[PDB]
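Below: data19.pdb (PDB, C-alpha atoms)
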```
ATOM      1  CA  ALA K 153      -3.877 -42.450 -36.992  1.00  0.00           C
ATOM      2  CA  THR K 154      -7.124 -42.309 -35.011  1.00  0.00           C
ATOM      3  CA  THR K 155      -9.278 -39.192 -34.981  1.00  0.00           C
ATOM      4  CA  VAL K 156     -10.308 -39.358 -31.301  1.00  0.00           C
ATOM      5  CA  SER K 157      -8.671 -42.191 -29.338  1.00  0.00           C
ATOM      6  CA  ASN K 158      -4.963 -41.592 -28.650  1.00  0.00           C
ATOM      7  CA  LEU K 159      -4.602 -43.519 -25.396  1.00  0.00           C
ATOM      8  CA  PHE K 160      -1.007 -44.817 -25.613  1.00  0.00           C
ATOM      9  CA  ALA K 161       1.440 -46.553 -27.978  1.00  0.00           C
ATOM     10  CA  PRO K 162       1.291 -50.329 -27.508  1.00  0.00           C
ATOM     11  CA  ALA K 163       4.319 -51.665 -29.375  1.00  0.00           C
ATOM     12  CA  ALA K 164       4.686 -54.969 -31.236  1.00  0.00           C
ATOM     13  CA  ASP K 165       8.103 -56.408 -32.087  1.00  0.00           C
ATOM     14  CA  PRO K 166       9.455 -59.614 -33.671  1.00  0.00           C
ATOM     15  CA  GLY K 167      12.485 -59.637 -31.377  1.00  0.00           C
ATOM     16  CA  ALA K 168      13.720 -62.777 -33.152  1.00  0.00           C
ATOM     17  CA  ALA K 169      16.229 -61.448 -35.700  1.00  0.00           C
ATOM     18  CA  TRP K 170      19.971 -61.060 -35.182  1.00  0.00           C
ATOM     19  CA  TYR K 171      19.249 -57.644 -33.642  1.00  0.00           C
ATOM     20  CA  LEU K 172      16.530 -56.392 -31.316  1.00  0.00           C
ATOM     21  CA  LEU K 173      14.715 -53.072 -31.280  1.00  0.00           C
ATOM     22  CA  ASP K 174      16.160 -50.238 -29.197  1.00  0.00           C
ATOM     23  CA  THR K 175      19.490 -52.034 -28.836  1.00  0.00           C
ATOM     24  CA  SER K 176      21.507 -50.865 -25.840  1.00  0.00           C
ATOM     25  CA  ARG K 177      25.080 -49.598 -26.160  1.00  0.00           C
ATOM     26  CA  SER K 178      27.565 -49.350 -23.287  1.00  0.00           C
ATOM     27  CA  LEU K 179      31.176 -48.182 -23.227  1.00  0.00           C
ATOM     28  CA  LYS K 180      32.174 -48.993 -19.633  1.00  0.00           C
ATOM     29  CA  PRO K 181      30.308 -50.150 -16.509  1.00  0.00           C
ATOM     30  CA  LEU K 182      28.999 -47.725 -13.885  1.00  0.00           C
ATOM     31  CA  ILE K 183      31.386 -45.971 -11.506  1.00  0.00           C
ATOM     32  CA  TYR K 184      30.594 -44.880  -7.952  1.00  0.00           C
ATOM     33  CA  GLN K 185      32.226 -42.183  -5.827  1.00  0.00           C
ATOM     34  CA  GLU K 186      32.475 -41.499  -2.082  1.00  0.00           C
ATOM     35  CA  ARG K 187      34.174 -38.182  -1.260  1.00  0.00           C
ATOM     36  CA  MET K 188      34.264 -38.860   2.476  1.00  0.00           C
ATOM     37  CA  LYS K 189      37.966 -38.438   3.268  1.00  0.00           C
ATOM     38  CA  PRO K 190      39.130 -35.382   5.252  1.00  0.00           C
ATOM     39  CA  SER K 191      41.202 -34.471   2.175  1.00  0.00           C
ATOM     40  CA  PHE K 192      37.997 -33.721   0.236  1.00  0.00           C
ATOM     41  CA  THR K 193      37.613 -29.970  -0.205  1.00  0.00           C
ATOM     42  CA  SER K 194      33.867 -29.498   0.274  1.00  0.00           C
ATOM     43  CA  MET K 195      33.498 -31.741   3.327  1.00  0.00           C
ATOM     44  CA  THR K 196      36.109 -29.549   5.038  1.00  0.00           C
ATOM     45  CA  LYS K 197      34.914 -26.165   3.717  1.00  0.00           C
ATOM     46  CA  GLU K 198      31.322 -26.438   2.344  1.00  0.00           C
ATOM     47  CA  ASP K 199      29.756 -26.531   5.798  1.00  0.00           C
ATOM     48  CA  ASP K 200      31.151 -30.086   5.862  1.00  0.00           C
ATOM     49  CA  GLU K 201      29.346 -31.298   2.739  1.00  0.00           C
ATOM     50  CA  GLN K 202      30.206 -34.802   1.512  1.00  0.00           C
ATOM     51  CA  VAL K 203      28.819 -36.154  -1.756  1.00  0.00           C
TER
ATOM     52  CA  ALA A 153      19.566  -5.928  41.787  1.00  0.00           C
ATOM     53  CA  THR A 154      19.279  -2.716  43.796  1.00  0.00           C
ATOM     54  CA  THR A 155      20.055   1.000  43.612  1.00  0.00           C
ATOM     55  CA  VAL A 156      20.934   2.844  40.386  1.00  0.00           C
ATOM     56  CA  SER A 157      23.737   2.378  37.850  1.00  0.00           C
ATOM     57  CA  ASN A 158      23.805  -1.380  37.919  1.00  0.00           C
ATOM     58  CA  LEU A 159      27.274  -2.835  38.458  1.00  0.00           C
ATOM     59  CA  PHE A 160      29.119  -5.876  37.120  1.00  0.00           C
ATOM     60  CA  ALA A 161      27.723  -9.267  38.209  1.00  0.00           C
ATOM     61  CA  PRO A 162      29.866 -11.497  40.430  1.00  0.00           C
ATOM     62  CA  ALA A 163      28.658 -15.009  41.179  1.00  0.00           C
ATOM     63  CA  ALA A 164      28.851 -17.318  44.197  1.00  0.00           C
ATOM     64  CA  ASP A 165      29.170 -21.004  43.309  1.00  0.00           C
ATOM     65  CA  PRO A 166      29.806 -24.179  45.314  1.00  0.00           C
ATOM     66  CA  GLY A 167      32.407 -26.693  44.219  1.00  0.00           C
ATOM     67  CA  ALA A 168      31.798 -29.614  46.562  1.00  0.00           C
ATOM     68  CA  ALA A 169      29.056 -31.011  44.328  1.00  0.00           C
ATOM     69  CA  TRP A 170      30.562 -33.244  41.652  1.00  0.00           C
ATOM     70  CA  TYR A 171      28.038 -31.735  39.204  1.00  0.00           C
ATOM     71  CA  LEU A 172      29.318 -28.178  38.866  1.00  0.00           C
ATOM     72  CA  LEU A 173      27.223 -25.065  38.282  1.00  0.00           C
ATOM     73  CA  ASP A 174      28.087 -25.100  34.562  1.00  0.00           C
ATOM     74  CA  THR A 175      29.293 -27.769  32.155  1.00  0.00           C
ATOM     75  CA  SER A 176      31.112 -27.904  28.809  1.00  0.00           C
ATOM     76  CA  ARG A 177      30.111 -31.034  26.891  1.00  0.00           C
ATOM     77  CA  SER A 178      31.578 -32.191  23.585  1.00  0.00           C
ATOM     78  CA  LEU A 179      31.120 -34.998  21.075  1.00  0.00           C
ATOM     79  CA  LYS A 180      34.809 -34.911  20.114  1.00  0.00           C
ATOM     80  CA  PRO A 181      37.916 -33.146  21.405  1.00  0.00           C
ATOM     81  CA  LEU A 182      40.207 -31.017  19.251  1.00  0.00           C
ATOM     82  CA  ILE A 183      40.702 -32.590  15.819  1.00  0.00           C
ATOM     83  CA  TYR A 184      42.821 -31.283  12.962  1.00  0.00           C
ATOM     84  CA  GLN A 185      42.936 -31.894   9.213  1.00  0.00           C
ATOM     85  CA  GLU A 186      46.144 -30.311   7.925  1.00  0.00           C
ATOM     86  CA  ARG A 187      46.110 -31.067   4.189  1.00  0.00           C
ATOM     87  CA  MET A 188      49.810 -31.467   3.375  1.00  0.00           C
ATOM     88  CA  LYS A 189      49.138 -33.507   0.229  1.00  0.00           C
ATOM     89  CA  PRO A 190      50.483 -32.872  -3.294  1.00  0.00           C
ATOM     90  CA  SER A 191      46.974 -33.505  -4.660  1.00  0.00           C
ATOM     91  CA  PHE A 192      45.277 -31.107  -2.228  1.00  0.00           C
ATOM     92  CA  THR A 193      43.243 -28.500  -4.086  1.00  0.00           C
ATOM     93  CA  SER A 194      44.823 -25.299  -2.791  1.00  0.00           C
ATOM     94  CA  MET A 195      48.469 -26.265  -2.130  1.00  0.00           C
ATOM     95  CA  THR A 196      49.374 -27.261  -5.693  1.00  0.00           C
ATOM     96  CA  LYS A 197      46.062 -27.899  -7.486  1.00  0.00           C
ATOM     97  CA  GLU A 198      44.391 -24.491  -7.131  1.00  0.00           C
ATOM     98  CA  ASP A 199      47.064 -22.283  -5.518  1.00  0.00           C
ATOM     99  CA  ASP A 200      50.327 -22.307  -3.563  1.00  0.00           C
ATOM    100  CA  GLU A 201      48.416 -22.446  -0.286  1.00  0.00           C
ATOM    101  CA  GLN A 202      48.916 -24.803   2.659  1.00  0.00           C
ATOM    102  CA  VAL A 203      46.005 -24.964   5.110  1.00  0.00           C
TER
END
```
structure tokens encoding of this file:
Amino acid sequence: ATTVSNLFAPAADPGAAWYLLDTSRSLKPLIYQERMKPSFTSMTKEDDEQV
Amino acid sequence: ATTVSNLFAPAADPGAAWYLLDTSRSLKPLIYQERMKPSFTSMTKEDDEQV
């Protein structure tokens, strides 16, 4: 705690143990979508909006 | 325009010129997107509606 100066939060870590700080967790990789076919509802009805 | 009670407006146009007095220009001709698919939203997946 500093009475006046509160600039930022420089962080120091050992990063050498079996684990690391703020470990990341993922279930499955990233998926991408292209609703461009004529069968897509919005791109035929929503003023031809494709997403 | 002359007289009172203005009448309908005929028009005199030549046809010899290959570039006619008017012109209808289009990016694409007629195109159709009949969605006869079992997975289409409104035929089996939102309603019993074929479009």
As a check of understanding, name the residues that the ChimeraX specification (/A :<12) & /K selects in the supplied structure, as a ChimeraX atom specification. /K:189-197
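Atom CA of residue 203 of chain A is found 16.3 Å from atom CA of residue 199 of chain K.
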I'd like the superposed copy of chain K - fitted to chain A by least squares over all paired Cα atoms - as an mmCIF file with C-alpha atoms, keeping the file's coordinate frame.
```
data_model
loop_
_atom_site.group_PDB
_atom_site.id
_atom_site.type_symbol
_atom_site.label_atom_id
_atom_site.label_comp_id
_atom_site.auth_asym_id
_atom_site.auth_seq_id
_atom_site.Cartn_x
_atom_site.Cartn_y
_atom_site.Cartn_z
ATOM 1 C CA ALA K 153 18.602 -5.264 40.773
ATOM 2 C CA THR K 154 20.438 -1.981 41.355
ATOM 3 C CA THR K 155 19.111 1.289 39.976
ATOM 4 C CA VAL K 156 22.487 2.805 39.008
ATOM 5 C CA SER K 157 25.466 0.484 39.558
ATOM 6 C CA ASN K 158 25.620 -2.381 37.039
ATOM 7 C CA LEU K 159 29.376 -2.942 36.944
ATOM 8 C CA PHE K 160 29.622 -6.712 36.324
ATOM 9 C CA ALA K 161 28.228 -10.065 37.510
ATOM 10 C CA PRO K 162 30.412 -11.509 40.276
ATOM 11 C CA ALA K 163 29.245 -15.104 40.665
ATOM 12 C CA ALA K 164 29.126 -17.227 43.826
ATOM 13 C CA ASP K 165 28.885 -21.020 43.672
ATOM 14 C CA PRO K 166 28.919 -23.913 46.170
ATOM 15 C CA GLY K 167 30.813 -26.159 43.759
ATOM 16 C CA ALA K 168 30.653 -28.956 46.345
ATOM 17 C CA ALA K 169 27.665 -31.048 45.230
ATOM 18 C CA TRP K 170 27.765 -34.068 42.930
ATOM 19 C CA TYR K 171 27.565 -31.644 39.990
ATOM 20 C CA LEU K 172 29.163 -28.272 39.320
ATOM 21 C CA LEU K 173 27.731 -25.210 37.621
ATOM 22 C CA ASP K 174 28.180 -24.845 33.863
ATOM 23 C CA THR K 175 29.181 -28.493 33.502
ATOM 24 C CA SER K 176 31.186 -29.194 30.356
ATOM 25 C CA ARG K 177 30.145 -31.834 27.823
ATOM 26 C CA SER K 178 32.450 -33.374 25.214
ATOM 27 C CA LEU K 179 31.788 -36.021 22.575
ATOM 28 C CA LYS K 180 35.294 -36.587 21.175
ATOM 29 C CA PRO K 181 38.681 -34.876 21.605
ATOM 30 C CA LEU K 182 39.928 -32.171 19.237
ATOM 31 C CA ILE K 183 41.098 -33.054 15.732
ATOM 32 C CA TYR K 184 43.765 -31.217 13.741
ATOM 33 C CA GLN K 185 44.307 -31.068 9.981
ATOM 34 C CA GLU K 186 47.284 -30.290 7.725
ATOM 35 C CA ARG K 187 46.382 -30.170 4.019
ATOM 36 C CA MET K 188 49.994 -29.853 2.888
ATOM 37 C CA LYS K 189 50.322 -32.772 0.463
ATOM 38 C CA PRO K 190 50.594 -32.080 -3.290
ATOM 39 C CA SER K 191 47.354 -34.072 -3.649
ATOM 40 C CA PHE K 192 45.442 -31.286 -1.865
ATOM 41 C CA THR K 193 43.320 -29.380 -4.370
ATOM 42 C CA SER K 194 43.699 -25.792 -3.157
ATOM 43 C CA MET K 195 47.459 -25.888 -2.576
ATOM 44 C CA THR K 196 47.825 -26.899 -6.236
ATOM 45 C CA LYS K 197 45.135 -24.605 -7.695
ATOM 46 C CA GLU K 198 44.218 -21.825 -5.186
ATOM 47 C CA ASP K 199 47.386 -19.848 -5.857
ATOM 48 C CA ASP K 200 49.036 -22.627 -3.821
ATOM 49 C CA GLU K 201 46.928 -22.155 -0.688
ATOM 50 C CA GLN K 202 47.439 -24.681 2.119
ATOM 51 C CA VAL K 203 45.249 -24.665 5.223
#
```
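When atom CA of residue 156 of chain A is paired with atom CA of residue 174 of chain A, their separation reads 29.4 Å.
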Atom-to-atom span, atom CA of residue 170 of chain K and atom CA of residue 182 of chain K, Å: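 So the answer is 26.7 Å.
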